[PDB]
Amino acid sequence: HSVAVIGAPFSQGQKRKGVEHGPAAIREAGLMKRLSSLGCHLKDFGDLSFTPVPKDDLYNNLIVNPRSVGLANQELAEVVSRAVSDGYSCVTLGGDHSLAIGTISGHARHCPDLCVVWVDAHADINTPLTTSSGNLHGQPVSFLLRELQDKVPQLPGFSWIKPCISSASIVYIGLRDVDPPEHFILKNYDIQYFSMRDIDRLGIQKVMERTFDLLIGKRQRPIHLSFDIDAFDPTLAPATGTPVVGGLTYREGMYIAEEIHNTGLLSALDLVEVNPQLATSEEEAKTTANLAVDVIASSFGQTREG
């Protein structure tokens, strides 16, 4: 049972400074010791240094840093693919959520039947034609879903990406801030999700049951858990760039991670969008980083009953 930890200090998928310090904050909160204590054999890749791209001008006068996000993701994908091939479950510390483009591509490279659990306040499924921000961290799923590719134009630095999962192969949990074109996309391609409303109705236990039934009800598949810290209520995870009131409780987040662990299928985990600079106090930054560690640890077997 081996875990690779990769620091992906990326900020260019969005516009708020400081999310590149997320991996450091998470390590400082004791991630490595927590993983070791659960019996994980660890390989720390440290924090990647991504190759910059000169003159990375706006795409279509809207999409920011496309070539940089493309190249960093290509490089990240290579590291992830390599680590999976060497038998590691891959933990990637962000950094903004655009790096899921790289971790999922790399993961899918030799685990092409992987499935995705995307825990997030947001659907992150705008395309370059629907985004109203230009921020790639709100578009990553659009580049990964095969059903969407007729609707996704080719960005500079993105040509290496081949859409690698189907719309039946991703489930969202925690949605509460969805743009209308994203809502259209989720309905049009019948992508399954559990918004905070569904959690309010069903409860987190049934949500996880139905999630796994949809994804691995008929066959075992390596699971890719892409966890945006903003899934949690901002009272619990204030240090993040797009906080939305009414999020997961601490207990709900742990229960999700616990059930992920319980499948035995976790193969890769992203923990993204922790931005210590956006905390109004050091206490706020640390509680956010500590929560991130709790999620990762619970995902690899830490329980609440000993």
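We call the rigid core whatever largest set of C-alpha positions still superposes within 1.5 Å between the two forms. All residue numbers are counted from 1 along the displayed sequence.
Where the structures in 9 other deposited structures of this protein are fitted on the rigid core, 48-56 is the one of 48-56 and 61-69 whose C-alphas sit farther from the shown form on average.
Comparing the deposited coordinates for 117-125 and 213-221, the stretch with the larger average C-alpha B-factor is 213-221. As the entry records it, the average C-alpha temperature factor is higher for 164-172, out of 137-145 and 164-172. When the C-alpha B-factors of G264, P66, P238, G46 are ranked from the entry, the top spot goes to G46.
Of the residues listed, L76, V91, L155, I204, the entry assigns the biggest Cα temperature factor to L155.
In the PDB entry, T280 places in the highest third of its chain by CA B-factor. Among the modelled residues of the chain, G102 sits in the lowest third by CA temperature factor in this PDB entry. In the deposited entry, the Cα temperature factor of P23 sits in the bottom third of values across the chain's modelled residues. Residue-level temperature factors show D230 in the lowest third of its chain, judged at the C-alpha atom. Ranked within its chain, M208 lands in the lowest third, by CA B factor from the PDB record.
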